[PDB]
């Protein structure tokens, strides 16, 4: 039985299970460290100050952020080792410099000569040191330099003392759904940075840090012994996309939207809830996988899965659950409450300015999301 207070806040609202959060976090930390590396957790799934305390051993422990809004918030909270892992816009260099002048080791990411020259020009004009990763393309999906591209050498040389190392994200691993496919994708990700690192060293370039990761590759890679750090973030809570990939099952999913039944359609056997896309997002990641959960798997207020029930459709402020003939409208009266598991934790969390947290001791906490850019 969930605590009585789940029924207190008006719906819809986001609910994080602290006990499951902590389990998910402990599992990956122990796994990566047993494989000879360490984590640089990514803060962008949850984007709360509290999440960094669960994920990081100390204020100086390496972390990843997806925005300078995050960087500024975590720096204010005392965190001093932050990789801003999105290709840098030159106009943001003054904000990066401002953090570095406050004692924050704020690293940036780039993959082109224009960005590298902007860093060098800024450094020259303002006397500012930078710490810079070059993005490597490991999965043919996003940015980064291919390991064999001669411009890898040119760009690293241009950066000189500001060059810190190599970073890749194999987000393409999300297409996988077998253990061997995942192991292979993790090896592809690591090999891309190994090859890039070898090409750098052959050319006389020192590479202080090699950095790989996504939740799937972090959970299935077999050898991180020569990789400096592994990054992951969505594993904090998991989601249905992860369930379908096979990184977790339903029991590991620590995020849900608490929703109230606000109507019925007797003719069509529908429940209408207050969980529209404004609460869930329109992420439909599971539609491209082998089990389509619509806009989320429906659960009881105690968290247990209601077989066969999903939020099939949404508008802005309501959702529709098409009941199967195994269910009766009468058992879900207006005012009854449910929990919806998300397709994509990162996308659903973006919709909530404040999260409610079921602490492992049964108590109720709230966390404020760091929003904007």
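Positions refer to the first chain, counted from 1.
Stretches 289-297 and 76-84 differ in mean CA B factor, with 289-297 having the higher one. Higher mean CA temperature factor between 134-142 and 280-288: 280-288, per the PDB entry.
Taking only the listed residues 237, 217, 251, 102, the entry reports the highest CA temperature factor at 102. Across 34, 348, 66, 315, the entry's maximum B-factor at the CA atom is seen for 34. Among the modelled residues of the chain, residue 129 sits in the highest third by CA temperature factor in this PDB entry. Among all modelled residues in its chain, residue 57 ranks in the highest third by Cα B-factor. For residue 308, the recorded CA temperature factor ranks within the highest third of the chain's modelled residues.
The PDB entry assigns residue 165 a C-alpha temperature factor belonging to the lowest third of its chain's modelled residues. Ranked within its chain, residue 206 lands in the highest third, by CA B factor from the PDB record.
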